[PDB]
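my_file.cif (mmCIF, N, CA and C atoms) appears below.
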```cif
data_model
#
loop_
_atom_site.label_atom_id
_atom_site.label_comp_id
_atom_site.auth_asym_id
_atom_site.auth_seq_id
_atom_site.Cartn_x
_atom_site.Cartn_y
_atom_site.Cartn_z
N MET A 1 83.87 116.53 136.97
CA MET A 1 85.01 116.27 136.05
C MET A 1 85.93 117.50 135.95
N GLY A 2 87.03 117.49 136.69
CA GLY A 2 87.94 118.63 136.72
C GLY A 2 88.99 118.61 135.61
N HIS A 3 88.60 119.06 134.41
CA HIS A 3 89.55 119.19 133.30
C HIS A 3 90.56 120.32 133.57
N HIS A 4 91.84 119.97 133.68
CA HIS A 4 92.89 120.96 133.88
C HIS A 4 93.55 121.33 132.55
N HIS A 5 93.11 122.44 131.96
CA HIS A 5 93.56 122.85 130.61
C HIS A 5 95.02 123.33 130.58
N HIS A 6 95.72 123.25 131.71
CA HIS A 6 97.16 123.50 131.74
C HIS A 6 97.93 122.27 131.23
N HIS A 7 97.58 121.10 131.75
CA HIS A 7 98.23 119.85 131.36
C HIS A 7 97.24 118.91 130.64
N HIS A 8 97.22 118.97 129.31
CA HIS A 8 96.36 118.10 128.50
C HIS A 8 97.17 116.97 127.85
N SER A 9 96.50 115.87 127.51
CA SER A 9 97.16 114.74 126.83
C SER A 9 97.66 115.13 125.43
N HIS A 10 98.62 114.37 124.91
CA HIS A 10 99.19 114.66 123.58
C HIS A 10 99.04 113.46 122.63
N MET A 11 98.85 113.74 121.34
CA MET A 11 98.70 112.68 120.33
C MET A 11 99.93 111.77 120.28
N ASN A 12 99.71 110.46 120.42
CA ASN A 12 100.80 109.49 120.48
C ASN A 12 101.52 109.32 119.12
N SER A 13 102.67 108.65 119.16
CA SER A 13 103.51 108.43 117.96
C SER A 13 102.71 107.91 116.77
N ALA A 14 101.74 107.04 117.04
CA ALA A 14 100.90 106.47 115.98
C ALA A 14 99.88 107.49 115.44
N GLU A 15 99.22 108.22 116.34
CA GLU A 15 98.17 109.18 115.96
C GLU A 15 98.69 110.24 114.97
N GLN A 16 99.86 110.80 115.26
CA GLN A 16 100.48 111.79 114.37
C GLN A 16 100.81 111.18 112.99
N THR A 17 101.27 109.93 113.00
CA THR A 17 101.63 109.22 111.76
C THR A 17 100.41 109.01 110.85
N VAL A 18 99.31 108.51 111.42
CA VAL A 18 98.06 108.33 110.67
C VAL A 18 97.66 109.63 109.96
N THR A 19 97.55 110.71 110.73
CA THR A 19 97.20 112.03 110.20
C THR A 19 98.22 112.50 109.15
N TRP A 20 99.49 112.22 109.41
CA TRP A 20 100.59 112.58 108.51
C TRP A 20 100.43 111.90 107.13
N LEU A 21 100.08 110.62 107.14
CA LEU A 21 99.83 109.87 105.90
C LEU A 21 98.62 110.44 105.13
N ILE A 22 97.59 110.85 105.86
CA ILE A 22 96.37 111.40 105.26
C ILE A 22 96.64 112.76 104.57
N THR A 23 97.33 113.67 105.26
CA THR A 23 97.62 115.00 104.70
C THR A 23 98.55 114.93 103.48
N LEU A 24 99.44 113.94 103.46
CA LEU A 24 100.33 113.72 102.31
C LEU A 24 99.58 113.05 101.14
N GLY A 25 98.31 112.71 101.36
CA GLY A 25 97.48 112.12 100.31
C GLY A 25 97.92 110.71 99.92
N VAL A 26 98.58 110.00 100.84
CA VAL A 26 99.05 108.64 100.57
C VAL A 26 98.17 107.59 101.27
N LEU A 27 97.39 108.04 102.25
CA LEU A 27 96.43 107.17 102.95
C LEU A 27 95.04 107.81 102.96
N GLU A 28 94.00 106.99 102.90
CA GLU A 28 92.62 107.48 102.85
C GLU A 28 92.12 107.94 104.23
N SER A 29 91.05 108.73 104.24
CA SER A 29 90.42 109.18 105.49
C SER A 29 89.54 108.07 106.08
N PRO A 30 89.69 107.78 107.39
CA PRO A 30 88.92 106.71 108.05
C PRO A 30 87.41 107.00 108.11
N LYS A 31 86.59 105.95 108.06
CA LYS A 31 85.13 106.09 108.09
C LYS A 31 84.60 106.18 109.54
N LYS A 32 85.52 106.13 110.50
CA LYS A 32 85.17 106.08 111.92
C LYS A 32 86.34 106.53 112.80
N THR A 33 86.13 106.52 114.12
CA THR A 33 87.21 106.78 115.08
C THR A 33 88.20 105.61 115.13
N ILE A 34 89.49 105.92 115.00
CA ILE A 34 90.52 104.88 115.00
C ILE A 34 90.83 104.39 116.43
N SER A 35 90.30 103.22 116.77
CA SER A 35 90.53 102.60 118.08
C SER A 35 91.97 102.10 118.21
N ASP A 36 92.48 101.51 117.13
CA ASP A 36 93.85 100.99 117.09
C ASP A 36 94.68 101.70 116.00
N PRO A 37 95.39 102.79 116.35
CA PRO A 37 96.18 103.56 115.37
C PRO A 37 97.33 102.74 114.76
N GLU A 38 98.12 102.09 115.62
CA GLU A 38 99.24 101.25 115.16
C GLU A 38 98.75 100.03 114.36
N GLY A 39 97.65 99.43 114.81
CA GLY A 39 97.06 98.30 114.08
C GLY A 39 96.53 98.71 112.70
N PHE A 40 95.76 99.79 112.66
CA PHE A 40 95.26 100.36 111.41
C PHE A 40 96.41 100.66 110.43
N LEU A 41 97.50 101.23 110.96
CA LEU A 41 98.70 101.50 110.15
C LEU A 41 99.27 100.21 109.54
N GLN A 42 99.56 99.22 110.39
CA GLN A 42 100.13 97.94 109.93
C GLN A 42 99.28 97.31 108.81
N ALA A 43 97.97 97.19 109.05
CA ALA A 43 97.05 96.59 108.06
C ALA A 43 97.04 97.37 106.73
N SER A 44 97.17 98.69 106.82
CA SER A 44 97.14 99.56 105.62
C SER A 44 98.50 99.60 104.91
N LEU A 45 99.58 99.55 105.68
CA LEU A 45 100.95 99.66 105.14
C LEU A 45 101.52 98.29 104.73
N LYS A 46 100.86 97.22 105.16
CA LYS A 46 101.33 95.83 104.94
C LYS A 46 101.80 95.58 103.49
N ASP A 47 101.07 96.12 102.53
CA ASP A 47 101.31 95.84 101.11
C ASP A 47 102.37 96.78 100.49
N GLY A 48 102.93 97.68 101.31
CA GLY A 48 104.01 98.56 100.85
C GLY A 48 103.55 99.74 100.00
N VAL A 49 102.51 99.54 99.18
CA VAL A 49 102.02 100.57 98.24
C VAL A 49 101.88 101.96 98.89
N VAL A 50 101.25 102.02 100.06
CA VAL A 50 101.07 103.29 100.78
C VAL A 50 102.43 103.93 101.14
N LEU A 51 103.39 103.10 101.55
CA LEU A 51 104.74 103.57 101.87
C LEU A 51 105.46 104.10 100.62
N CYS A 52 105.23 103.45 99.48
CA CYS A 52 105.80 103.90 98.21
C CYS A 52 105.32 105.31 97.86
N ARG A 53 104.01 105.53 97.93
CA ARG A 53 103.44 106.87 97.74
C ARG A 53 104.02 107.86 98.76
N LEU A 54 104.11 107.41 100.02
CA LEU A 54 104.68 108.21 101.11
C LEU A 54 106.07 108.76 100.73
N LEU A 55 106.96 107.86 100.32
CA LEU A 55 108.32 108.25 99.94
C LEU A 55 108.33 109.13 98.67
N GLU A 56 107.41 108.87 97.74
CA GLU A 56 107.32 109.65 96.49
C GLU A 56 106.74 111.06 96.72
N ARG A 57 106.04 111.27 97.83
CA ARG A 57 105.50 112.60 98.17
C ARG A 57 106.54 113.45 98.92
N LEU A 58 107.56 112.78 99.46
CA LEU A 58 108.66 113.46 100.17
C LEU A 58 109.91 113.55 99.28
N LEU A 59 110.36 112.40 98.78
CA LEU A 59 111.45 112.32 97.79
C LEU A 59 110.90 111.84 96.43
N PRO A 60 110.37 112.76 95.60
CA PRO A 60 109.68 112.40 94.34
C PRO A 60 110.62 111.79 93.28
N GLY A 61 110.51 110.48 93.07
CA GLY A 61 111.32 109.81 92.05
C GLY A 61 112.35 108.85 92.64
N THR A 62 112.10 108.38 93.85
CA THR A 62 113.01 107.45 94.53
C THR A 62 112.59 105.99 94.33
N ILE A 63 111.28 105.74 94.36
CA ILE A 63 110.74 104.39 94.14
C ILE A 63 110.93 103.97 92.67
N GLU A 64 111.78 102.97 92.43
CA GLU A 64 112.11 102.55 91.07
C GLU A 64 110.94 101.80 90.41
N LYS A 65 110.33 100.88 91.16
CA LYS A 65 109.11 100.21 90.69
C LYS A 65 108.24 99.72 91.86
N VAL A 66 106.97 100.11 91.85
CA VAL A 66 106.00 99.68 92.86
C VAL A 66 104.89 98.84 92.22
N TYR A 67 104.40 97.86 92.96
CA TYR A 67 103.27 97.05 92.53
C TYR A 67 101.97 97.59 93.14
N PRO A 68 101.17 98.37 92.37
CA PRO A 68 99.90 98.94 92.87
C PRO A 68 98.88 97.86 93.25
N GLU A 69 99.13 96.65 92.75
CA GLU A 69 98.31 95.48 93.05
C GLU A 69 99.21 94.24 93.24
N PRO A 70 99.76 94.06 94.46
CA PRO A 70 100.68 92.95 94.74
C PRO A 70 99.96 91.60 94.94
N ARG A 71 100.13 90.69 93.99
CA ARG A 71 99.52 89.35 94.08
C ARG A 71 100.43 88.38 94.84
N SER A 72 101.71 88.37 94.49
CA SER A 72 102.68 87.46 95.11
C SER A 72 103.25 88.05 96.40
N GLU A 73 103.64 87.18 97.32
CA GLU A 73 104.24 87.58 98.60
C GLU A 73 105.45 88.50 98.39
N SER A 74 106.34 88.11 97.48
CA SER A 74 107.55 88.88 97.18
C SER A 74 107.22 90.28 96.62
N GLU A 75 106.05 90.41 95.99
CA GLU A 75 105.60 91.71 95.47
C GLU A 75 105.36 92.71 96.61
N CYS A 76 104.62 92.28 97.64
CA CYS A 76 104.40 93.11 98.83
C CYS A 76 105.73 93.47 99.50
N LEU A 77 106.60 92.47 99.66
CA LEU A 77 107.93 92.66 100.24
C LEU A 77 108.77 93.64 99.40
N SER A 78 108.61 93.58 98.08
CA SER A 78 109.32 94.49 97.17
C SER A 78 108.88 95.95 97.36
N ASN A 79 107.57 96.17 97.46
CA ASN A 79 107.03 97.51 97.71
C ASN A 79 107.62 98.11 99.00
N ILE A 80 107.61 97.32 100.08
CA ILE A 80 108.24 97.73 101.34
C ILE A 80 109.75 97.93 101.16
N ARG A 81 110.37 97.07 100.35
CA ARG A 81 111.81 97.13 100.09
C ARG A 81 112.19 98.45 99.40
N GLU A 82 111.35 98.91 98.47
CA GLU A 82 111.56 100.20 97.80
C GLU A 82 111.53 101.36 98.80
N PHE A 83 110.61 101.30 99.76
CA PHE A 83 110.55 102.28 100.85
C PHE A 83 111.86 102.26 101.66
N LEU A 84 112.31 101.06 102.00
CA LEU A 84 113.58 100.88 102.72
C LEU A 84 114.77 101.31 101.85
N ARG A 85 114.62 101.16 100.53
CA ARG A 85 115.65 101.58 99.57
C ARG A 85 115.97 103.07 99.73
N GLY A 86 114.97 103.91 99.52
CA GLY A 86 115.17 105.36 99.58
C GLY A 86 115.52 105.86 100.97
N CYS A 87 114.76 105.42 101.97
CA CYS A 87 114.99 105.81 103.37
C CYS A 87 116.35 105.32 103.88
N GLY A 88 116.82 104.20 103.34
CA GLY A 88 118.12 103.66 103.74
C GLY A 88 119.29 104.23 102.94
N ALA A 89 119.06 104.58 101.67
CA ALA A 89 120.11 105.11 100.80
C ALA A 89 120.21 106.64 100.87
N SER A 90 119.16 107.33 100.41
CA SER A 90 119.15 108.81 100.39
C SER A 90 119.14 109.39 101.81
N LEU A 91 118.14 109.01 102.59
CA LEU A 91 117.96 109.53 103.95
C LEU A 91 118.87 108.83 104.97
N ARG A 92 119.09 107.53 104.78
CA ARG A 92 119.96 106.74 105.67
C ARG A 92 119.46 106.81 107.13
N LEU A 93 118.16 106.61 107.31
CA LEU A 93 117.51 106.72 108.62
C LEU A 93 117.19 105.34 109.24
N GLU A 94 116.42 105.34 110.33
CA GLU A 94 116.02 104.10 111.02
C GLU A 94 115.25 103.15 110.08
N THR A 95 115.88 102.06 109.66
CA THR A 95 115.23 101.08 108.77
C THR A 95 114.73 99.84 109.54
N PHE A 96 113.83 99.09 108.92
CA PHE A 96 113.27 97.86 109.51
C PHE A 96 113.24 96.72 108.48
N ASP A 97 112.75 95.55 108.88
CA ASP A 97 112.63 94.42 107.96
C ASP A 97 111.21 94.32 107.38
N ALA A 98 111.12 94.02 106.09
CA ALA A 98 109.82 93.87 105.42
C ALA A 98 108.91 92.87 106.16
N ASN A 99 109.53 91.87 106.80
CA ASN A 99 108.79 90.86 107.56
C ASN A 99 108.09 91.48 108.79
N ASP A 100 108.70 92.51 109.39
CA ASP A 100 108.11 93.17 110.56
C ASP A 100 106.74 93.77 110.22
N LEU A 101 106.66 94.49 109.11
CA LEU A 101 105.41 95.12 108.67
C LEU A 101 104.47 94.09 108.02
N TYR A 102 104.98 93.34 107.05
CA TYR A 102 104.17 92.39 106.28
C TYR A 102 103.59 91.27 107.17
N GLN A 103 104.38 90.76 108.11
CA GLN A 103 103.92 89.69 109.01
C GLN A 103 103.53 90.24 110.39
N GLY A 104 103.53 91.56 110.54
CA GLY A 104 103.14 92.19 111.81
C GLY A 104 103.97 91.72 113.00
N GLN A 105 105.29 91.67 112.84
CA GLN A 105 106.19 91.22 113.91
C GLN A 105 106.53 92.37 114.88
N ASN A 106 107.55 93.17 114.54
CA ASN A 106 107.94 94.31 115.38
C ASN A 106 107.51 95.63 114.73
N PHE A 107 106.28 96.07 115.01
CA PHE A 107 105.78 97.32 114.45
C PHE A 107 106.49 98.53 115.08
N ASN A 108 106.94 98.38 116.33
CA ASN A 108 107.68 99.43 117.03
C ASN A 108 108.84 99.99 116.17
N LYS A 109 109.55 99.12 115.45
CA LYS A 109 110.62 99.55 114.54
C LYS A 109 110.04 100.29 113.32
N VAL A 110 108.95 99.75 112.77
CA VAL A 110 108.27 100.36 111.62
C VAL A 110 107.80 101.79 111.96
N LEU A 111 107.12 101.93 113.09
CA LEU A 111 106.63 103.23 113.56
C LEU A 111 107.81 104.20 113.79
N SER A 112 108.90 103.70 114.38
CA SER A 112 110.11 104.52 114.57
C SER A 112 110.65 105.03 113.23
N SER A 113 110.60 104.18 112.21
CA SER A 113 111.02 104.57 110.85
C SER A 113 110.13 105.68 110.29
N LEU A 114 108.81 105.51 110.42
CA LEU A 114 107.84 106.50 109.96
C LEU A 114 108.02 107.85 110.69
N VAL A 115 108.11 107.80 112.02
CA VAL A 115 108.35 109.00 112.82
C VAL A 115 109.66 109.69 112.41
N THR A 116 110.71 108.90 112.22
CA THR A 116 112.01 109.43 111.77
C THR A 116 111.90 110.04 110.37
N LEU A 117 111.12 109.41 109.50
CA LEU A 117 110.87 109.93 108.16
C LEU A 117 110.23 111.33 108.23
N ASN A 118 109.34 111.51 109.21
CA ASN A 118 108.74 112.82 109.49
C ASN A 118 109.79 113.78 110.10
N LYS A 119 110.65 113.25 110.97
CA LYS A 119 111.71 114.04 111.61
C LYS A 119 112.71 114.61 110.58
N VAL A 120 113.19 113.76 109.68
CA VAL A 120 114.18 114.18 108.67
C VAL A 120 113.57 115.16 107.65
N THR A 121 112.33 114.92 107.24
CA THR A 121 111.64 115.82 106.30
C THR A 121 111.34 117.17 106.97
N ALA A 122 110.98 117.14 108.25
CA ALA A 122 110.83 118.36 109.04
C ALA A 122 112.17 119.11 109.15
N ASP A 123 113.25 118.34 109.31
CA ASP A 123 114.61 118.90 109.36
C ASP A 123 114.97 119.60 108.04
N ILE A 124 114.46 119.08 106.93
CA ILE A 124 114.63 119.73 105.62
C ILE A 124 113.87 121.07 105.57
N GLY A 125 112.80 121.17 106.35
CA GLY A 125 112.00 122.39 106.40
C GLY A 125 110.88 122.42 105.37
N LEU A 126 110.17 121.30 105.22
CA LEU A 126 109.05 121.21 104.27
C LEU A 126 107.79 121.94 104.79
#
```

Serialized structure, structure tokens:
Amino acid sequence: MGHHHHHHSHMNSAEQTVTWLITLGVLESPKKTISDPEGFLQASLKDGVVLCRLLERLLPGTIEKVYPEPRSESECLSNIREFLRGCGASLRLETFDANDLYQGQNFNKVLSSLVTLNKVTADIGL
């Protein structure tokens, strides 16, 4: 096995995001190795709550109201909508549709939004 330590693999767009959510204290630490990083993200972010904490750890006081326990469909969509609220208004970055995350349609857009959220906050120099 010829490991060439000059050219090593790099953590993918999803891997950095998972770790990013954990260090910000908005997502819990996994009990195992994450086989599906993007899938794990979608299932965890589906209810919006994690994204609400995410935005409140970067822009503290942007989420007007979050449902820590969303019973109704519109409640989950509202939590995601609050995330889109701040990221679309204050930051004005790559936004997506609540249906993409909640119904697991186009996660590629959701991940792009998360990565961009890291890009803009890095640009601030946090």

Item to check | Å distance separating atom N of residue 81 in chain A from atom C of residue 32 in chain A, one decimal place | outcome: 28.7 Å

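Distance annotation: of A:6, A:60, A:43, A:54, the residue with the minimal separation from residue 24 in chain A is A:54; atom set is all atoms listed in the file.
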
Item to check | For range 109-125 of chain A: contacts at 8 Å, only N, CA and C atoms, fewer than 2 positions along chain excluded, given as JSON, numbers by chain | outcome: {"A": [13, 14, 16, 17, 38, 58, 87, 91, 93, 94, 95, 96, 97, 100, 101, 105, 106, 107]}

Exactly which residues make up the result of the PyMOL selection byres ((chain A and resi 62) around 8) on this file, given as a short mmCIF file (atom, residue, chain, number, x, y, z; two decimals) with N, CA and C atoms, keeping the file's coordinate frame?
```cif
data_model
loop_
_atom_site.label_atom_id
_atom_site.label_comp_id
_atom_site.auth_asym_id
_atom_site.auth_seq_id
_atom_site.Cartn_x
_atom_site.Cartn_y
_atom_site.Cartn_z
N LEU A 55 106.96 107.86 100.32
CA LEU A 55 108.32 108.25 99.94
C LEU A 55 108.33 109.13 98.67
N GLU A 56 107.41 108.87 97.74
CA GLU A 56 107.32 109.65 96.49
C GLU A 56 106.74 111.06 96.72
N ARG A 57 106.04 111.27 97.83
CA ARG A 57 105.50 112.60 98.17
C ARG A 57 106.54 113.45 98.92
N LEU A 58 107.56 112.78 99.46
CA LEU A 58 108.66 113.46 100.17
C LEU A 58 109.91 113.55 99.28
N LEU A 59 110.36 112.40 98.78
CA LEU A 59 111.45 112.32 97.79
C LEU A 59 110.90 111.84 96.43
N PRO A 60 110.37 112.76 95.60
CA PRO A 60 109.68 112.40 94.34
C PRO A 60 110.62 111.79 93.28
N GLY A 61 110.51 110.48 93.07
CA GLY A 61 111.32 109.81 92.05
C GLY A 61 112.35 108.85 92.64
N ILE A 63 111.28 105.74 94.36
CA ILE A 63 110.74 104.39 94.14
C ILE A 63 110.93 103.97 92.67
N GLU A 64 111.78 102.97 92.43
CA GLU A 64 112.11 102.55 91.07
C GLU A 64 110.94 101.80 90.41
N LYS A 65 110.33 100.88 91.16
CA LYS A 65 109.11 100.21 90.69
C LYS A 65 108.24 99.72 91.86
N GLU A 82 111.35 98.91 98.47
CA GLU A 82 111.56 100.20 97.80
C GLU A 82 111.53 101.36 98.80
N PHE A 83 110.61 101.30 99.76
CA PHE A 83 110.55 102.28 100.85
C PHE A 83 111.86 102.26 101.66
N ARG A 85 114.62 101.16 100.53
CA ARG A 85 115.65 101.58 99.57
C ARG A 85 115.97 103.07 99.73
N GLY A 86 114.97 103.91 99.52
CA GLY A 86 115.17 105.36 99.58
C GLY A 86 115.52 105.86 100.97
N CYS A 87 114.76 105.42 101.97
CA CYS A 87 114.99 105.81 103.37
C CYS A 87 116.35 105.32 103.88
#
```

Checklist entry - Could you state the separation of CA of residue 77 in chain A and CA of residue 98 in chain A in Å, given to one decimal place? => result 5.6 Å

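Of the listed residues (A:104, A:70, A:2, A:25), A:70 comes nearest to residue 48 in chain A; the distances count only C-alpha atoms.
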
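The gap separating CA of residue 99 in chain A from CA of residue 26 in chain A is 21.4 Å, in Å to one decimal.
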
Item to check | Those in range 28-125 of chain A with alpha helix (DSSP H) from DSSP, as a ChimeraX atom specification | outcome: /A:37-45,49-58,73-89,98-102,107-124
